[PDB]
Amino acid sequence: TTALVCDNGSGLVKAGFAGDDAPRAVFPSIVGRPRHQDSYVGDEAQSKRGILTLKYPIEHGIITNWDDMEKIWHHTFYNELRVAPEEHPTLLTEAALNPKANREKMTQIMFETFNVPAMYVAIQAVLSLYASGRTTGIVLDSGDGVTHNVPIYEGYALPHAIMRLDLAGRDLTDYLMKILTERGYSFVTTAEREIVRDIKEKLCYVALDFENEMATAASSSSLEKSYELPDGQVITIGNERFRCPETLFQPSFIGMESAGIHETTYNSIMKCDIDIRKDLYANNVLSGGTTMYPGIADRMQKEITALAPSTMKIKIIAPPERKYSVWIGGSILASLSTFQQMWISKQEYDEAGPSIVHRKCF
């Protein structure tokens, strides 16, 4: 009996089998319908992106279109992994601070629609911490929809200190689209947005000193990069390379008044008991695709050093495979019989209904 591990991101599904060192299926969490006003899922929607408008059933880590989410899950099981879900205990994941109804409906659909034999809903950042080989640390998890800070001590998250921002990779893509169109390059359709997300992933980086980098970019072309578009036209991008992820540190770039990721991390540590802050400062673990910008660890080290006591050891841990850390932590825990012991069985769901998820999944 092999458990399935599915990390349902706002942007990407990561799915596979407990015991594997990586997800076997990674594909966009999208359902596509004709742009001219019946549907396609994931890679096949991406393949027909020329004629489709792409919709994401998860926004900011919360499922907002349950009919389309069912399509995503059905596709994951039957078309990608090619498994019968009634044969596999299934581990799902969630960002911290989601409304309780989200995992209630996750549980209901898994048992009543897909007839899984057992299931569990795990907190994403906890999975990442175990994937890093730690029981104590503060995870900064940043994907396409959610950025959040989860401090954890001796294996237990500290719920009063958890922070969350609706700023993440989708906002960075949109901001790159906006500022590139301001250079003279029109990107507007959901199809062109795909090109912009690729530009962001290939060419953006976090400047160590943003003001200095802006001056460098205005003086010479040393920071410019070329990028070949599908039609073969070559465009040149310059300070957009680092202005885009600067938004993570300066959310006012997109008109948000909230704290940047260095400040939310500091504020989260500061909500913890004084004597464990030391261990959190030395164990800042980055997780998720939006933490993949070159330079982001060094910039976080610099910014947190400026906020923290001068005598404090600061360390940012940036695992190379952190696009998949949440999934990998799930694969490890789902390989352990004692963790499996806490999962909800179909018999338990039949007796208790969706409310049981809150009594079993921590």
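So that there is no doubt, residue numbering starts at 1 and follows the sequence shown.
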Please figure out whether residue 311 and residue 312 are truly consecutive in the deposited sequence or have unmodelled residues between them, and give none, 1 to 3, 4 to 9, or 10 or more.
none
Ranked by mean Cα B-factor in the entry, 38-46 and 51-59, top stretch is 38-46
144-152 set against 258-266, stretch whose average Cα temperature factor tops the other in the entry
258-266
Looking at 201, 80, 209, 112, which has the biggest Cα B factor in the entry?
209
From 325, 335, 29, 305, the top C-alpha temperature factor is at 305
Chain-wide C-alpha B factor ranking for residue 178, given as lowest, middle or highest third
highest
Among the chain's modelled residues, which third holds the C-alpha B-factor of residue 218?
highest
Lowest, middle or highest third: which one holds residue 253 when the chain's residues are ordered by CA B-factor from the entry?
highest
Would you mind ranking residue 104 by its C-alpha B-factor against the rest of the chain and naming the third, lowest, middle or highest?
lowest
Classify residue 275 as lowest, middle or highest third according to the C-alpha B-factor given in the PDB entry, relative to its own chain.
highest
